[PDB]
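Letters are used for the chains, namely A, B, C, D, E, F, G and H, taken in the order the chains are written, and counting of residues starts over at 1 for each.
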């Protein structure tokens, strides 16, 4: 929340984001902006870059290609808002490993 | 470095970035997003702005390399072992 | 996860027995697991934070199915007492008996002392051979018996 | 408040349900009774396509044991297919890049 | 209330977003050749012009050999067009189009061999019917069927003599045309290749200006392109050679491929005959069946002589091509026939005795009477240039035929008052909200109900009348328009999409019945289907077989609807 | 997708500040996950400080995979990276 | 019983950094492949050995070692010419439920490819023959012809919710037997 | 059974932006919204089927069930619903796109305004391996201008002219823009048609002016559906995948957002729940769609439906982007602005485990330290995991509890998913039962890595990392030497303190943003952390040449120095 009477948090603006980038602290960026603000474990289908629920793609109705990852709830909200308009921001995934 | 003087103005930022997330975060969100959706743009997630928006690790600073733990496994304990029936069956032909 | 190839090298049903036996002796001992231990590992997740569920059962079931007496008829386990030289002394017959078939893994562990057994193991056997080379095979596969 | 925009020819009962018929329904009269000629057209149709699929022009395909059973020894072959290069064709009507697949 | 899971499976919503041009041909190749061939043809339809490497980098089949084999199969099937455009500063690579008319061969296959069977003057012999059916089936299934292959195939000489006998006749009807380079290259690219040589053949410093050199270049290009298309469109040079002490023979070296132009001329004649049967009683409608049958063989080009698809039509003085088409129509003396010419081809069944009544035996005077009523009828079937000899025109019959068939398809779809409003908006140009009442005189309620039901299609156009400078259609009354072009455009798309739905249904039934179909289409099983089959399974087989028969009947009944909108 | 062989290497033999910070973070996370430590703690409980002590003793069992922009990579152990 | 080379990515927690790498890898691989059935590859018992062990790479948030490892694992794969000695445990008039000591039991046999004369009854009479039969829980002998992998499983969350509230093809790997030849069905028919 | 299950960690490689075709909108949607009523007095304001607030699209409160995933507000991801629009309408975000598409083609025969062999050179140029956004726009603009120049189409030249919009939100095409002193069959047809009109209207003589080829959304959808896939590339719409068809860019199905996207607030003003803007707009769109559908089965006045249909063309405009004549907050209003979506929540947001208070000086503090109040040290915690190295320390902290500063507020057991509040539960037992995987959220302690930030954050030294030092008062104290990078002056200045929560972030903070590691500004390399005013004055007074100290004074000076 955004008020002292509401037990609000301190906003880390674009300026502080810029400063942390200039430091080169990627993990601190991740922790301040994703872990400690809004971390959401979304379900993303590998076949269609569309978010699923409860391990179910509910667009191909297969649950086979559903992958689990954490993204900002702001990003999840933005994707669900973009799908409300005629934009389909399909997420393509790749493994961090296998080099 | 593009061969022409490109500004830091909104029009200038549309130089080669192709990052619709970074452009929309900067300015003119809706028109850029709709043009990207209409053109079927396929922008990758490579910039720090997009990485922050998506919750990824940037390729800058502590994210510009990879930490790897050596397995310290010898080559004597990796070859297959205890296999003779296949040799017997092959010699049988 | 991708499986490189389905059909890897075949397994004689003595190699599997000795593999499961060395597994049992290396860890997950059955006589040791049947005993109690109040202290346990003391780390919090078992002896040296590990446990072996769903694997002891499968390494017992296969080894017991092998250790049961071979069903040539309705004294030993049948697979236990052949050493490595015991199977290396069989070449002059096993690889001299031309079968044109990799079905040798059948008669190394099951169905000895019966012509119908072998006639089923290798198809069209009597048409292929029914004169004299149908009994020394039974005698040799029954040699361990 | 958008609730009072109603033409005099439009009532209140019809509006609100919406939801449309799931598929638009207009029975087309091209499904009339069948005759002997139509059955013959169907029969010749099924003979066609089947002929081109039993022929060499499939190009559609994208028990596989490394060990051969003795039953598979001295057993009938499935069918010795006529390869695409095996059937003669006219070089003057095929591009140069397609010549290599063919048997010269 | 229907569930979103319930629709899009039994509703076929996801098939409504496929373009019918891609969906239809993709489904056809799926059914006939295979899924790799269908994927290749779909990539060619979506990307009109591309090379082989484009296929490699676009289709998941990342293999040169596999793409090569599939592409050569499609090229053999006359489903692909190719070209070799040369880049001078380096290496040349050939590109690939997709053949449009070629895929009709496999599509129209049933109607093709049916018109072959029913078109011969001598069809009463059962063995000859089977021979001609098998030969034309082999030609459409193989593509370029060749004499040096078939004669070597047949195992007895006397049945080899008949094969060559049928070839010369079948080529004279035009059903077997000599394939060549003209059948694999795009029309605009041919026109450009014949337009750039002549722009290069003019020496410098001539007194004529750019306009005059452009005119001379374009007329020379037109004349040589016309010669190059006229030479192979109708020829008998392969049939010309005659060996000593032997019958007339075709060239065995050349590859004989079935045509579509004269067959589709016959199909248009057949649809006009059915129109006449629906329009005029069978007494003098019977004479119209063979009336068009003596012109259909040498009939002119139906829609475009291929001089209207390879270039922009015209900007200024654009009537020239219609003028020259009608000029050829009136200048052709072979097409025109007299009553004496027709009497030599009239069947003995028809009498032509009671077909006339002057006041309230193969006689040329009475045939002339039918020909006169045909020429003076409301629909321009014939036009009279000289007394006694007339001809079939196409400079003024195609628009009325298209309007009639389109408008009557609307008649078959919508109701009587919708038909009335369609007729009114067609005949009365630029109708309005008061003109509809003045020229209709029926119930406005049903008038506007059917009108709104008809706005959905491309049938009518809506206009906006701005009472002020700024355009608001809610401020001022608006009027209508016709724009028949979009209406004709819709009848293409809707019909092809419905067709593709038919093939999707049949191929999905095949995909769910493949095991039973494979068990059925076995040599020993064939003809023996009531003995070695379990009860429920055999009964199910009869149900699915009759279901496929019904879908084929629907396909054939629909197959009389899209070509009439496939004209110019 | 091709590792440069160790015998020749073009990247710097010195450890960067980002490499040091990331190595300390990774080692401290491992220690906080109850990984064994190869240094004598002397009563230290903070995983970060234990990681700094191991770095001072050069007993951190991690290597640095430095990817070149062309896609190759050369591996540098924490021991051989000089500070 | 046949081997199989499988490549997988294995995650070793920092707790297991004290034990040697090969043992940690085989522990994790056993946890992933203890009694599991590899989809359309069959049933695994354990892992034989390891072939190639890539260096363990770390993602920027975990701290565990993720190792690309290649291993051979023991798989129960009859194809067509295998005779087995099962232990039947259930009898039903659709083909007897032949079973094992507990390795895997869900396999079924149809009567039509079993001996023709053997027929089931509602009165629970074992067999009717033109001269000998058997009872439940006794040695059997059969063959294998074809393998059907059940790998189709579309299950929606709300359908699973209704199934849970109310509370089938259980296996991905089964076996099909046949007794077309004399002898198989029992190991003690004569002598 | 127990088939093998494989999990492989993955990252987002890229984004594919496109349009949801009509098929995909119903594919994702778990319900259709048809009833214009959100609640009925009959059901007692309980959300029931097919309404705008149908629970199958999600819940607005944490004490309700979704009926799609059966989860409360804290678990339901939200689910979509679709609208079937009778007489589909234009797309505001795709209005410019549709204008440019209709320029490239002729509306007569649905054929592109490009010669089948002229622009294929530039089409081949498009497949260059190195192509940028500037290049894409360059060839696309060149194609558009060439199509504009091309008047007559190669299939049917009807003089395609301009596709300028209405003086509204309509499209009007000048069929005869470039005519003069010329006679054509089309011109003769038009002249005859409007002679038919002039003889039956004594006043339309003036009003026949303008009235050019107007392009309605229904016509455009029909004309777009006649476009072949072959010439889609030259329109910039890749038709390889389904939904690459241009007709999918016309508003036909409305994917009504999940309830979580448009939460319905509880107990504002009236006891009844308050809806929100997007819900109201989709309710009104449902109402007008139902009205227009009802007009198809009844035949309402065509002029009157044009009123309602044009309102549909409008009511969606500020539903998506509020531009035309204004407080109505649409979708594009959510994303645009300083407090919008991107700049307000994506790049920059509010964070947990942070504090802010007045700053006071502290010279006895190390330059790399900050003095943190015990009052905020007892709320700002670090989630320390229990290991073999710190278990006794964490047990002592747990026994201390949340009220004595060297204590802990929460405990998270290894095998549990909810943390145990340490206010209750006899923390003696929890300390005894502490395992080697539990997480203790213990109070901020001495030596804890914290971030310290003063706004405005001009340069990167506006935020530095210090070592926490727990002190009794209520201010953030810092050494005056480190005031310069912050630009702080103890005049009432307030600075924000952030506590990193993970080991990697904490190590990165103290190693890259530490005060000791950032004594020089990166802009020039000159030192920026140094002596302030009184320190400089005292140093000058000590080093002054008149300063002499005996042994006792010197040793006292050195003792104060240390």
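Convention: a residue touches a chain if its C-beta (ideal position, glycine included) is under 8 Å from a C-beta of that chain, and two chains touch if they have at least 3 such contacts.
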Each chain counted as touching chain G and chain H at once: A, B, C, D, F
Topological distance between chain B and chain G, in contact steps: 1
Chain pair, D-G or A-G, that carries the greater number of C-beta contacts: A-G
Inter-chain centre distance, chain C versus chain D - centres from mean C-alpha coordinates, in Å: 51
Chain centre separation in whole Å, for chain F relative to chain C (CA means): 48
Centre-of-Cα separation between chain H and chain C, whole angstrom: 62
Between chain F and chain D, distance of the C-alpha-averaged centres to the nearest whole Å: 60
In chain H, residues with contacts to at least two other chains: 2, 4, 6, 8-9, 11-19, 27, 30, 32, 50, 68-69, 93-94, 243, 248-249, 295, 297-301, 307, 335, 341-343, 346-347, 436-437, 502, 504-505, 508, 512
Interface hub residues of chain A, defined as touching at least two other chains: 17, 23-27, 30, 33, 53-54, 61, 71-72, 74-75, 78, 85-88, 95-97, 99
In chain D, residues with contacts to at least two other chains: 19, 65, 67, 69
Chains grouped in pairs wherever the two touch, ordered by label: A-B, A-F, A-G, A-H, B-C, B-F, B-G, B-H, C-D, C-G, C-H, D-E, D-G, D-H, E-H, F-G, F-H, G-H
Of chain A, residues touching chain B in the complex: 17, 21, 23-27, 29-30, 33-34, 39, 70-72, 74-75, 78, 82, 85-88
Residue ranges of chain E touching chain H (in the complex, touch as defined): 1-2, 4, 7-8, 13-14, 16-19, 21-22, 43, 45-49, 54, 58, 186, 188-189, 192, 311-316, 318-319, 428-430, 432-435, 438, 445-453, 455-458, 461-467, 469-474, 476-479, 481, 485-486, 489-490, 492-493
For the chain D and chain H complex, residues of the former touching the latter: 2-3, 5-7, 9-11, 14-20
List of chain F residues in touch with chain B within their complex: 18-19, 21-23, 25-26, 61-67, 73, 75, 77
Contacting residues of chain H [partner chain E, same complex]: 21-23, 26-27, 29-32, 49-50, 82, 108-110, 115-117, 120, 123, 127, 151-157, 166-168, 170, 172, 182, 184-185, 189, 192-194, 196-197, 200-201, 207, 210-211, 214, 216, 218-219, 222-223, 225-233, 239-240, 242-243, 245, 247-248, 295-303, 305-307, 310
